[PDB]
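Text of the file run-v9.cif, holding mmCIF, C-alpha atoms:
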data_my_file
#
loop_
_atom_site.label_atom_id
_atom_site.label_comp_id
_atom_site.auth_asym_id
_atom_site.auth_seq_id
_atom_site.Cartn_x
_atom_site.Cartn_y
_atom_site.Cartn_z
CA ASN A 1 162.37 99.61 119.84
CA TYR A 2 159.03 101.42 119.37
CA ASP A 3 156.89 98.26 119.75
CA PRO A 4 158.48 96.17 122.59
CA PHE A 5 159.91 99.29 124.24
CA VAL A 6 160.71 102.88 123.31
CA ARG A 7 164.36 103.81 123.80
CA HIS A 8 166.39 106.16 121.62
CA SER A 9 169.78 107.72 122.32
CA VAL A 10 171.20 110.82 120.64
CA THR A 11 174.77 112.11 120.95
CA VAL A 12 175.36 115.85 120.85
CA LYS A 13 178.84 117.21 120.12
CA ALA A 14 177.83 120.57 121.56
CA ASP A 15 176.60 122.01 124.85
CA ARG A 16 173.36 121.84 126.86
CA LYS A 17 172.21 125.27 125.66
CA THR A 18 172.99 124.84 121.96
CA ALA A 19 171.15 121.51 121.89
CA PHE A 20 168.09 122.94 123.64
CA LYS A 21 167.98 126.12 121.54
CA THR A 22 168.07 124.18 118.25
CA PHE A 23 165.08 122.11 119.38
CA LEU A 24 162.81 124.58 121.18
CA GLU A 25 163.72 127.77 119.28
CA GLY A 26 165.58 127.21 116.03
CA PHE A 27 162.85 125.88 113.74
CA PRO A 28 163.44 127.40 110.23
CA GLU A 29 167.16 126.90 110.85
CA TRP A 30 167.12 123.22 109.91
CA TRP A 31 167.53 121.66 106.45
CA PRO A 32 167.03 117.80 106.42
CA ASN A 33 163.49 117.80 104.98
CA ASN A 34 162.18 121.32 105.55
CA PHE A 35 162.90 122.90 102.17
CA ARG A 36 159.95 125.27 102.53
CA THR A 37 158.44 128.01 104.68
CA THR A 38 155.05 128.83 106.22
CA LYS A 39 153.53 125.40 105.50
CA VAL A 40 156.42 123.65 107.21
CA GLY A 41 159.21 125.25 109.20
CA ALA A 42 157.56 128.40 110.49
CA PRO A 43 159.29 131.03 112.71
CA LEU A 44 157.88 129.28 115.79
CA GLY A 45 156.62 125.70 115.76
CA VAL A 46 157.19 125.22 119.48
CA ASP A 47 155.09 127.00 122.09
CA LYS A 48 156.98 127.73 125.29
CA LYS A 49 154.07 129.69 126.74
CA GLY A 50 151.56 127.01 127.58
CA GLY A 51 153.34 123.95 126.30
CA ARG A 52 152.25 122.85 122.85
CA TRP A 53 153.20 122.69 119.17
CA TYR A 54 151.77 124.84 116.37
CA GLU A 55 153.12 126.02 113.01
CA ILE A 56 152.32 129.49 111.68
CA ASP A 57 150.83 129.61 108.19
CA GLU A 58 149.46 132.55 106.18
CA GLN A 59 145.90 131.45 107.02
CA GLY A 60 146.64 130.49 110.60
CA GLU A 61 147.90 127.44 112.47
CA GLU A 62 148.43 124.53 110.07
CA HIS A 63 149.88 121.23 111.30
CA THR A 64 150.99 120.09 114.74
CA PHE A 65 153.13 117.28 116.17
CA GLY A 66 151.51 116.93 119.57
CA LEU A 67 151.55 118.48 123.03
CA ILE A 68 153.98 119.09 125.89
CA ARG A 69 153.44 117.58 129.34
CA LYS A 70 156.06 119.46 131.34
CA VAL A 71 159.00 121.79 130.72
CA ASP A 72 161.48 121.21 133.53
CA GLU A 73 164.32 123.39 132.15
CA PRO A 74 166.88 122.08 129.54
CA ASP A 75 167.18 118.95 131.68
CA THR A 76 163.81 117.20 131.74
CA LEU A 77 161.25 117.24 128.93
CA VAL A 78 158.03 115.24 128.64
CA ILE A 79 156.06 115.26 125.38
CA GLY A 80 153.30 113.39 123.58
CA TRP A 81 153.09 112.61 119.86
CA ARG A 82 150.14 111.92 117.54
CA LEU A 83 149.83 109.62 114.51
CA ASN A 84 149.15 109.86 110.77
CA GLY A 85 146.21 108.48 108.80
CA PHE A 86 143.91 109.85 106.12
CA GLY A 87 140.36 108.54 106.26
CA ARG A 88 140.39 107.75 109.96
CA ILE A 89 138.97 109.21 113.16
CA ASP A 90 141.29 111.61 115.00
CA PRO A 91 143.76 109.68 117.21
CA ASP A 92 142.35 110.41 120.66
CA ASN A 93 145.14 108.72 122.62
CA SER A 94 148.69 109.68 121.63
CA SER A 95 151.97 108.29 122.98
CA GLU A 96 154.00 109.85 125.79
CA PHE A 97 157.81 109.99 125.84
CA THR A 98 160.26 110.95 128.58
CA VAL A 99 163.34 112.88 127.48
CA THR A 100 166.36 113.00 129.78
CA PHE A 101 169.31 115.33 129.15
CA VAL A 102 172.75 114.24 130.32
CA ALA A 103 175.73 116.60 130.23
CA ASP A 104 179.23 115.17 129.83
CA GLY A 105 182.04 117.57 130.69
CA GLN A 106 179.82 120.45 129.48
CA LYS A 107 181.39 120.04 126.02
CA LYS A 108 179.38 116.93 125.19
CA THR A 109 175.71 116.10 125.63
CA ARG A 110 173.64 112.92 125.61
CA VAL A 111 169.88 112.54 125.40
CA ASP A 112 167.81 109.40 125.93
CA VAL A 113 164.10 108.56 125.76
CA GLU A 114 162.45 106.35 128.36
CA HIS A 115 158.89 104.99 128.57
CA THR A 116 156.83 101.84 129.07
CA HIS A 117 153.06 102.09 128.59
CA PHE A 118 151.98 103.59 125.26
CA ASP A 119 154.81 101.89 123.40
CA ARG A 120 153.74 98.27 123.78
CA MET A 121 150.53 98.96 121.86
CA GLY A 122 151.87 99.34 118.35
CA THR A 123 151.61 96.24 116.17
CA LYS A 124 148.82 97.43 113.86
CA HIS A 125 149.38 101.05 114.89
CA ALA A 126 153.04 100.60 114.01
CA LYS A 127 152.46 100.18 110.28
CA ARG A 128 149.78 102.88 110.46
CA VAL A 129 152.12 105.54 111.88
CA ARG A 130 155.16 104.35 109.89
CA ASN A 131 153.18 105.18 106.77
CA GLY A 132 153.90 108.85 107.37
CA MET A 133 156.04 109.64 110.42
CA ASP A 134 158.77 107.14 109.51
CA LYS A 135 159.28 109.05 106.26
CA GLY A 136 161.16 111.73 108.15
CA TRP A 137 161.35 110.92 111.88
CA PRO A 138 164.42 108.57 111.90
CA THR A 139 165.88 110.51 108.98
CA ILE A 140 165.76 113.88 110.77
CA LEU A 141 167.19 112.36 113.95
CA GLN A 142 170.36 111.25 112.19
CA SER A 143 170.64 114.53 110.30
CA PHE A 144 170.14 116.54 113.52
CA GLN A 145 173.19 114.94 115.10
CA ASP A 146 175.41 115.75 112.13
CA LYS A 147 173.97 119.27 111.90
CA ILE A 148 174.73 120.14 115.53
CA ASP A 149 178.05 118.28 115.23
CA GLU A 150 179.05 120.57 112.36
CA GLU A 151 177.86 123.73 114.09
CA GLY A 152 180.09 122.89 117.03
CA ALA A 153 182.88 120.37 116.53
CA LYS A 154 183.19 119.91 112.75
CA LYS A 155 183.27 123.66 112.11
#
Now, as a test, write the supplied structure out as structure tokens.
Amino acid sequence: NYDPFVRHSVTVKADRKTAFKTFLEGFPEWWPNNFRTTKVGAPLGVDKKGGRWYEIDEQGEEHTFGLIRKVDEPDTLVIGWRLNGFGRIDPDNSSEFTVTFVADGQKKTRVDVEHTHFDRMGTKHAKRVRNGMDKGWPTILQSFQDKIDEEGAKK
């Protein structure tokens, strides 16, 4: 995945609404690696007005993940992510990802990511982005599943 082709699948033990609300609304309601406020995990994060990402800090907008291409209800979501790096020119490219929501019996949900274009361009960029994003991206994904699973089926 990631380099030869981008494809990730997440299983939700809840409903279509609960899964969407915890991703586009519930920001400071997580836990995995957001043991802070203002600087990370602000009472917003996601912008459902124009279609972008922006955290709210005491001095203004701090960090951002990327931008949103289209918001076709809690069914189709297209987004674009940036990359890490310290002493490097701003990544004027970004990678696009297609998110598809599948509902199973309304009591179960499945979400997959499909794309083929800005994925097969990693290699050197792979190690570059994995030097920051990997230290939380795959970790939060696994934790998200268990979190929603608990707030639905487990509890």
Q | Contacts of residue 42 (chain A) at 7 Å (all atoms listed in the file; same-chain gap of 5+ positions) as a ChimeraX atom specification | A | /A:27-28,37,55-56
(Q) Applying the PyMOL selection byres ((chain A and resi 32) around 12) to the file I just gave you, which residues come out? Please list them as number ranges by chain. (A) A: 27-31, 33-36, 41, 135-147
Q: For the structure shown, which residues end up in the PyMOL selection byres ((chain A and resi 98) around 6)? Put them as a list in words, please?
A: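 So the PyMOL selection byres ((chain A and resi 98) around 6) ends up selecting residues 78, 97, 99, 113 and 114 of chain A.
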Q) So which one's closest to residue 128 (chain A), A:111, A:153, A:83, A:102? Using only C-alpha atoms, please. A)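 Selected residue with least distance to residue 128 (chain A): A:83.
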Q. Selected by the PyMOL selection byres ((chain A and resi 65) around 7) in the shown coordinates: which residues, as an NGL selection string?
A. :A and (53 or 64 or 66 or 81-82)
Q: For CA of residue 152 (chain A) and CA of residue 107 (chain A), determine how far apart the two atoms are, in Å to one decimal place.
A: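 Here the two named atoms are 9.5 Å from each other.
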Q.
Just checking: using only C-alpha atoms, which residue out of A:48, A:93, A:70, A:101 ends up closest to residue 24 (chain A)?
A. A:48
Q) Which one is closest to residue 116 (chain A): A:46, A:133, A:6, A:77? Count all atoms listed in the file. A)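 Among the listed residues, the smallest separation from residue 116 (chain A) belongs to A:6.
Minimum distance to residue 20 (chain A) across A:100, A:59, A:95, A:49 (counting all atoms listed in the file) occurs at A:100.
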Q. For residue 120 (chain A), which of A:96, A:19, A:68, A:80 is the closest residue, counting all atoms listed in the file?
A.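 Looking only at the distances to residue 120 (chain A), the closest residue turns out to be A:96.
Closest approach to residue 149 (chain A) among A:84, A:94, A:109, A:1: A:109, based on only C-alpha atoms.
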Q | Straight-line distance linking CA of residue 89 (chain A) with CA of residue 130 (chain A), stated in Å to one decimal | A |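 Between CA of residue 89 (chain A) and CA of residue 130 (chain A) the gap works out to 17.2 Å.
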**Q.** For CA of residue 71 (chain A) and CA of residue 92 (chain A), the interatomic separation in Å (one decimal)
**A.**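 For CA of residue 71 (chain A) relative to CA of residue 92 (chain A), the distance reads 22.5 Å.
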Taking the structure I provided as the source, export region 46-85 of chain A with N, CA and C atoms, as a PDB file, in the first residue's frame.
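Saved to part.pdb:
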ATOM      1  N   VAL A  46     -12.143  20.625  11.506  1.00  0.00           N
ATOM      2  CA  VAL A  46     -12.711  20.444  10.178  1.00  0.00           C
ATOM      3  C   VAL A  46     -13.629  21.607   9.813  1.00  0.00           C
ATOM      4  N   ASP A  47     -13.486  22.104   8.593  1.00  0.00           N
ATOM      5  CA  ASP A  47     -14.320  23.191   8.110  1.00  0.00           C
ATOM      6  C   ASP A  47     -15.337  22.650   7.119  1.00  0.00           C
ATOM      7  N   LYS A  48     -16.598  22.688   7.507  1.00  0.00           N
ATOM      8  CA  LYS A  48     -17.678  22.200   6.662  1.00  0.00           C
ATOM      9  C   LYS A  48     -18.391  23.360   5.973  1.00  0.00           C
ATOM     10  N   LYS A  49     -17.712  24.504   5.906  1.00  0.00           N
ATOM     11  CA  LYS A  49     -18.271  25.692   5.281  1.00  0.00           C
ATOM     12  C   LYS A  49     -17.783  25.784   3.847  1.00  0.00           C
ATOM     13  N   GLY A  50     -16.466  25.807   3.688  1.00  0.00           N
ATOM     14  CA  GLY A  50     -15.880  25.887   2.374  1.00  0.00           C
ATOM     15  C   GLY A  50     -15.295  24.557   1.967  1.00  0.00           C
ATOM     16  N   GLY A  51     -14.732  23.849   2.937  1.00  0.00           N
ATOM     17  CA  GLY A  51     -14.145  22.557   2.660  1.00  0.00           C
ATOM     18  C   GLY A  51     -12.648  22.551   2.872  1.00  0.00           C
ATOM     19  N   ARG A  52     -12.232  22.678   4.125  1.00  0.00           N
ATOM     20  CA  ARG A  52     -10.812  22.692   4.457  1.00  0.00           C
ATOM     21  C   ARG A  52     -10.575  22.264   5.904  1.00  0.00           C
ATOM     22  N   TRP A  53      -9.315  22.256   6.317  1.00  0.00           N
ATOM     23  CA  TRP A  53      -8.952  21.871   7.671  1.00  0.00           C
ATOM     24  C   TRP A  53      -8.187  23.008   8.332  1.00  0.00           C
ATOM     25  N   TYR A  54      -8.506  23.294   9.586  1.00  0.00           N
ATOM     26  CA  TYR A  54      -7.834  24.356  10.329  1.00  0.00           C
ATOM     27  C   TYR A  54      -8.122  24.270  11.825  1.00  0.00           C
ATOM     28  N   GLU A  55      -7.059  24.156  12.620  1.00  0.00           N
ATOM     29  CA  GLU A  55      -7.185  24.088  14.071  1.00  0.00           C
ATOM     30  C   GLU A  55      -7.232  25.494  14.665  1.00  0.00           C
ATOM     31  N   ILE A  56      -7.932  25.639  15.780  1.00  0.00           N
ATOM     32  CA  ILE A  56      -8.076  26.939  16.426  1.00  0.00           C
ATOM     33  C   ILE A  56      -7.183  27.068  17.657  1.00  0.00           C
ATOM     34  N   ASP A  57      -6.166  27.911  17.554  1.00  0.00           N
ATOM     35  CA  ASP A  57      -5.251  28.161  18.662  1.00  0.00           C
ATOM     36  C   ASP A  57      -5.499  29.564  19.227  1.00  0.00           C
ATOM     37  N   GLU A  58      -4.959  29.828  20.409  1.00  0.00           N
ATOM     38  CA  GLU A  58      -5.119  31.112  21.083  1.00  0.00           C
ATOM     39  C   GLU A  58      -4.633  32.296  20.240  1.00  0.00           C
ATOM     40  N   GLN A  59      -3.682  32.058  19.344  1.00  0.00           N
ATOM     41  CA  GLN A  59      -3.152  33.131  18.505  1.00  0.00           C
ATOM     42  C   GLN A  59      -3.708  33.079  17.087  1.00  0.00           C
ATOM     43  N   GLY A  60      -4.541  32.086  16.825  1.00  0.00           N
ATOM     44  CA  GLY A  60      -5.129  31.933  15.510  1.00  0.00           C
ATOM     45  C   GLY A  60      -5.020  30.510  15.010  1.00  0.00           C
ATOM     46  N   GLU A  61      -5.156  30.322  13.705  1.00  0.00           N
ATOM     47  CA  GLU A  61      -5.059  28.999  13.105  1.00  0.00           C
ATOM     48  C   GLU A  61      -3.618  28.499  13.185  1.00  0.00           C
ATOM     49  N   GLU A  62      -3.433  27.296  13.711  1.00  0.00           N
ATOM     50  CA  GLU A  62      -2.096  26.730  13.859  1.00  0.00           C
ATOM     51  C   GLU A  62      -1.717  25.793  12.715  1.00  0.00           C
ATOM     52  N   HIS A  63      -1.924  24.495  12.920  1.00  0.00           N
ATOM     53  CA  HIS A  63      -1.577  23.497  11.916  1.00  0.00           C
ATOM     54  C   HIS A  63      -2.786  23.065  11.088  1.00  0.00           C
ATOM     55  N   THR A  64      -2.513  22.386   9.985  1.00  0.00           N
ATOM     56  CA  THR A  64      -3.554  21.901   9.102  1.00  0.00           C
ATOM     57  C   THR A  64      -3.107  20.601   8.437  1.00  0.00           C
ATOM     58  N   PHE A  65      -4.074  19.747   8.123  1.00  0.00           N
ATOM     59  CA  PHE A  65      -3.803  18.456   7.502  1.00  0.00           C
ATOM     60  C   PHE A  65      -3.787  18.571   5.982  1.00  0.00           C
ATOM     61  N   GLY A  66      -4.756  19.294   5.443  1.00  0.00           N
ATOM     62  CA  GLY A  66      -4.842  19.463   4.010  1.00  0.00           C
ATOM     63  C   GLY A  66      -6.096  20.203   3.607  1.00  0.00           C
ATOM     64  N   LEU A  67      -6.704  19.782   2.505  1.00  0.00           N
ATOM     65  CA  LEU A  67      -7.915  20.420   2.007  1.00  0.00           C
ATOM     66  C   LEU A  67      -8.951  19.378   1.588  1.00  0.00           C
ATOM     67  N   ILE A  68     -10.184  19.822   1.391  1.00  0.00           N
ATOM     68  CA  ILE A  68     -11.267  18.935   0.977  1.00  0.00           C
ATOM     69  C   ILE A  68     -11.662  19.242  -0.462  1.00  0.00           C
ATOM     70  N   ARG A  69     -11.807  18.200  -1.273  1.00  0.00           N
ATOM     71  CA  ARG A  69     -12.179  18.368  -2.671  1.00  0.00           C
ATOM     72  C   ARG A  69     -13.687  18.515  -2.809  1.00  0.00           C
ATOM     73  N   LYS A  70     -14.427  17.553  -2.262  1.00  0.00           N
ATOM     74  CA  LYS A  70     -15.877  17.572  -2.342  1.00  0.00           C
ATOM     75  C   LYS A  70     -16.507  16.885  -1.136  1.00  0.00           C
ATOM     76  N   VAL A  71     -17.673  17.377  -0.742  1.00  0.00           N
ATOM     77  CA  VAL A  71     -18.408  16.823   0.385  1.00  0.00           C
ATOM     78  C   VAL A  71     -19.777  16.332  -0.083  1.00  0.00           C
ATOM     79  N   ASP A  72     -19.802  15.124  -0.620  1.00  0.00           N
ATOM     80  CA  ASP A  72     -21.034  14.543  -1.130  1.00  0.00           C
ATOM     81  C   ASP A  72     -21.734  13.712  -0.062  1.00  0.00           C
ATOM     82  N   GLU A  73     -22.241  14.402   0.969  1.00  0.00           N
ATOM     83  CA  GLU A  73     -22.959  13.776   2.093  1.00  0.00           C
ATOM     84  C   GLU A  73     -22.112  12.689   2.789  1.00  0.00           C
ATOM     85  N   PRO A  74     -22.612  12.048   3.872  1.00  0.00           N
ATOM     86  CA  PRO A  74     -21.871  10.975   4.560  1.00  0.00           C
ATOM     87  C   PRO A  74     -21.822   9.697   3.717  1.00  0.00           C
ATOM     88  N   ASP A  75     -21.486   9.853   2.449  1.00  0.00           N
ATOM     89  CA  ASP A  75     -21.422   8.731   1.530  1.00  0.00           C
ATOM     90  C   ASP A  75     -20.167   8.802   0.668  1.00  0.00           C
ATOM     91  N   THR A  76     -19.863   9.993   0.167  1.00  0.00           N
ATOM     92  CA  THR A  76     -18.688  10.186  -0.666  1.00  0.00           C
ATOM     93  C   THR A  76     -17.863  11.367  -0.163  1.00  0.00           C
ATOM     94  N   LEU A  77     -16.583  11.130   0.090  1.00  0.00           N
ATOM     95  CA  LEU A  77     -15.697  12.181   0.570  1.00  0.00           C
ATOM     96  C   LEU A  77     -14.356  12.132  -0.156  1.00  0.00           C
ATOM     97  N   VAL A  78     -13.934  13.267  -0.688  1.00  0.00           N
ATOM     98  CA  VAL A  78     -12.662  13.354  -1.398  1.00  0.00           C
ATOM     99  C   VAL A  78     -11.782  14.389  -0.710  1.00  0.00           C
ATOM    100  N   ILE A  79     -10.593  13.983  -0.288  1.00  0.00           N
ATOM    101  CA  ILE A  79      -9.685  14.887   0.411  1.00  0.00           C
ATOM    102  C   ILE A  79      -8.258  14.805  -0.121  1.00  0.00           C
ATOM    103  N   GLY A  80      -7.438  15.766   0.294  1.00  0.00           N
ATOM    104  CA  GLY A  80      -6.047  15.805  -0.114  1.00  0.00           C
ATOM    105  C   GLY A  80      -5.152  16.103   1.076  1.00  0.00           C
ATOM    106  N   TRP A  81      -4.106  15.300   1.254  1.00  0.00           N
ATOM    107  CA  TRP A  81      -3.198  15.469   2.388  1.00  0.00           C
ATOM    108  C   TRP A  81      -1.850  16.063   1.981  1.00  0.00           C
ATOM    109  N   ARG A  82      -1.180  16.677   2.952  1.00  0.00           N
ATOM    110  CA  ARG A  82       0.134  17.286   2.736  1.00  0.00           C
ATOM    111  C   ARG A  82       1.221  16.350   3.263  1.00  0.00           C
ATOM    112  N   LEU A  83       2.436  16.867   3.434  1.00  0.00           N
ATOM    113  CA  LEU A  83       3.539  16.062   3.944  1.00  0.00           C
ATOM    114  C   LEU A  83       4.390  16.848   4.936  1.00  0.00           C
ATOM    115  N   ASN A  84       5.164  16.128   5.741  1.00  0.00           N
ATOM    116  CA  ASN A  84       6.021  16.740   6.756  1.00  0.00           C
ATOM    117  C   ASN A  84       7.293  17.339   6.142  1.00  0.00           C
ATOM    118  N   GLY A  85       8.305  17.550   6.973  1.00  0.00           N
ATOM    119  CA  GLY A  85       9.554  18.113   6.510  1.00  0.00           C
ATOM    120  C   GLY A  85       9.868  19.404   7.237  1.00  0.00           C
TER     121      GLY A  85
END
